[PDB]
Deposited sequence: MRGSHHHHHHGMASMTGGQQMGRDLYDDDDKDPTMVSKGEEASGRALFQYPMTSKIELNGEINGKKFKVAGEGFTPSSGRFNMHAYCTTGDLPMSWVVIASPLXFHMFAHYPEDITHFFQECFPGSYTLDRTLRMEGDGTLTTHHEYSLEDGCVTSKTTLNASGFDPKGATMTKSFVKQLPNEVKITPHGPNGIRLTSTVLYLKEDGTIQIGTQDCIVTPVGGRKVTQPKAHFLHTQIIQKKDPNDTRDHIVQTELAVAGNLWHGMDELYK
């Protein structure tokens, strides 16, 4: 049983995230639900107090294996199981600061657990990340290409909406590496349309978010794959 056969829905998730921003250490945990392919939620909370940064910027740190792929594109993230993968991210909030994350995953009993670390240094203490002035991030197309002999690379430029209705840009670059000691067939170059929506739970007393991601792959530019050898 491997690959897509391991991702029979519904499934769940957990996260444990240890973070630090501008020397403020924090932890987040969460549980989530994946009802069906490409629709996945996460109810996360800060276990150390209030989260010391925007929940909108931490959105993308907070599960590409749940993306919905058509049959005619390899779902590299799912095909890494069994064995799993690592994700390494850099997110540059342009004119603000840069953060990195590292993710490890494990699958047990229909539940993907993410263990994540986040590090962020040099942020503007008056910027939107640290003052919590973002409302949401706009939907975007992540570009996925083969990377090295055994990985993939994911890139996106994300528009973050501030409370005054103007935009700040984050540039995001991720590398995915199988850790399972085996070659996983790389996909053709493609794109993943991604949308995050966040809301608050009516009752939860913790600093928290209830986030849903919708993520759908597609060969949006059929000529792109020619460019990546």
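Residues 1-41, 104 of the deposited sequence have no C-alpha coordinates in the structure.
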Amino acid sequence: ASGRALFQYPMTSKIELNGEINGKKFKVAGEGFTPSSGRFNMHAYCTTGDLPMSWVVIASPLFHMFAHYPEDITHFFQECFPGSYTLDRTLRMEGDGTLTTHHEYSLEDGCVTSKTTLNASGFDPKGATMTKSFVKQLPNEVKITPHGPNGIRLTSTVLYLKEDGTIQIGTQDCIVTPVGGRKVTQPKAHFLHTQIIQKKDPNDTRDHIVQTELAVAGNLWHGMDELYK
From here on, numbers count along this sequence of modelled residues.
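Between 20-28 and 209-217, it is 20-28 that carries the larger average Cα temperature factor according to the deposited entry.
When the two stretches 160-168 and 180-188 are set side by side, the higher mean Cα temperature factor goes to 180-188.
Annotation for residue 147: C-alpha temperature factor in the middle third relative to the rest of the modelled chain, per the entry.
When the modelled residues of the chain are ordered by C-alpha B-factor, residue 86 sits in the lowest third.
Residue 120 sits in the highest third of its chain by CA B factor, as recorded in the PDB entry. Residue 41 sits in the lowest third of its chain by CA B factor, as recorded in the PDB entry. Per-chain ranking of the deposited C-alpha B factor places residue 197 in the middle third.
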